[PDB]
Structures are given as C-alpha cells and as structure tokens.
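[1] Provided hereafter are the protein sequence and its experimental coordinates.
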Amino acid sequence: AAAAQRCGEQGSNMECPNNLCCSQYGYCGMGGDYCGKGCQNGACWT
C-alpha cells in the first residue's frame, strides 16, 4: 500500500520489517541514510 508509508515515531510507531531500515526522518529503505547512524529500526549498522 501507499497510505501510512512512514516508519518509527513519524510512522505512528509502526516499524519497517525484518531487515528494512528506518531513517531518522521516518522512511523505509537500505544504505547510509537508512541503516546508518540515524537509524530508528531495521537492520542498522550500529
């Protein structure tokens, strides 16, 4: 779906799943903006 797309605290406390990294601004993806230092949830590198 395209509704309720955000994650973490911006995402109404609904996280991305099983690996998918949640950026500091509340967006699901992979790499240094999502899995890097700002990570809220998912497979973070910390």
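    Great, that's in hand. Numbers count the residues shown, from 1 in each chain.
[2] what residue is smack in the middle of this structure?
    residue 22 (1.0 Å; CA atoms, centre = their mean).
[3] Now do the contacts for that one.
    By CB atoms under 8 Å, 6 or more residues apart in numbering, the contact list for residue 22 reads 7, 8, 11, 15, 16, 28, 34, 39, 40, 41, 42. Bear in mind the C-beta positions are built from the backbone N, C-alpha and C, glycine included.
[4] Of the residues you listed, which count as buried by neighbour count?
    7, 8, 11, 16, 28, 34, 39, 40, 41, 42 (16 or more other CB atoms under 10 Å).
[5] in the sheet, who's paired with the closest residue in space to residue 42 that isn't next to it in sequence?
    In this structure, residue 42 finds its nearest non-sequential neighbour in residue 21, 3.7 Å apart by CB to CB, 6 or more residues apart in numbering. On the basis of DSSP bridges, residue 21 is bridged to residue 29.
[6] I'd like to check which residues are in contact with residue 45.
    Residue 45 neighbours (CB under 8 Å, 6+ apart): 35, 36, 39.
[7] try residue 26
    6, 7, 8, 9, 10, 11, 40.
[8] at 7 Å instead, please
    By CB atoms under 7 Å, 6 or more residues apart in numbering, the residues touching residue 26 are 6, 7, 8, 9, 10, 11.
[9] Tell me the spacing between the fifth one and residue 40.
    If I follow you right, that is residue 10. Taking CB to CB, to the nearest Å as the measure, residue 10 falls 8 Å from residue 40.
[10] okay, now residue 13: neighbour count?
    A count of nearby residues for residue 13, using other CB atoms under 10 Å, gives 10.
[11] before we move on, what SS does it have?
    The assignment at residue 13 comes out as coil when based on DSSP: H, G, I helix; E, B strand; the rest coil.
[12] Take the contacts of residue 22 and write them to a markdown table, including distance to residue 1 and secondary structure.
    As requested, the contacts of residue 22 are exported to a markdown table (distance: CB to CB, whole Å; DSSP: H, G, I helix; E, B strand; the rest coil):
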| residue | distance to residue 1 | secondary structure |
| --- | --- | --- |
| 7 | 13 | coil |
| 8 | 18 | coil |
| 11 | 13 | coil |
| 15 | 16 | coil |
| 16 | 13 | coil |
| 28 | 12 | strand |
| 34 | 20 | coil |
| 39 | 23 | coil |
| 40 | 20 | coil |
| 41 | 19 | strand |
| 42 | 18 | coil |
